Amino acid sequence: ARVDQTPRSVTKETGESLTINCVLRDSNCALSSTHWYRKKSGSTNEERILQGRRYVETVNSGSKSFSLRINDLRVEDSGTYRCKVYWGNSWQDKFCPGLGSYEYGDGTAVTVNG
C-alpha cells in the first residue's frame, strides 16, 4: 500500500547513465500499469515520459517492481522524476483499490552537471 521510490536524490556528470526504481511494498492487489513523469528544475508542470531513444521503462509484474533507465545523460534531463502506479481490478477483494486508482512515488531529484 506504499510506493517506495529510490533513490531520493542522485547527482551524475554529463554522459553516464542512471536508473530510478519504485516498487510497491506489502501488496496483494493487481497492478495495471505504471507511468513516469518528469518535472524540470524550475517548472511546476509534469511531462509524461513518452517513447525515447535514451529512455528505457522496465516492468517486473510479479515483483510489483518498476524501473526507469536513462542513458547518455544530459543537462536537459535534470529535474525530479516520479513514477505513477495504476491499480488493476483485483476481483473479490474488498481491501484492494479499484481499477484506475493510482499513487505517485515520493520522487527523485536528479542533477546532471555539465
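Numbering starts at 1 and follows the sequence shown.
Look at the mean CA B-factor for 39-47 and for 83-91 in the entry; the higher one is 39-47.
When the mean C-alpha temperature factors of 70-78 and 24-32 are read from the deposited coordinates, 70-78 comes out higher. In this PDB entry, the Cα temperature factor of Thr108 sits in the bottom third of its chain's modelled residues, the lowest group. Among all modelled residues in this chain, the alpha-carbon of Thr19 has a temperature factor (C-alpha) in the middle third. Sort the chain's modelled residues by C-alpha temperature factor and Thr11 lands in the highest third, per the entry. Among the modelled residues of its chain, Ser63 has a C-alpha B-factor that falls in the highest third, as given in the PDB entry.
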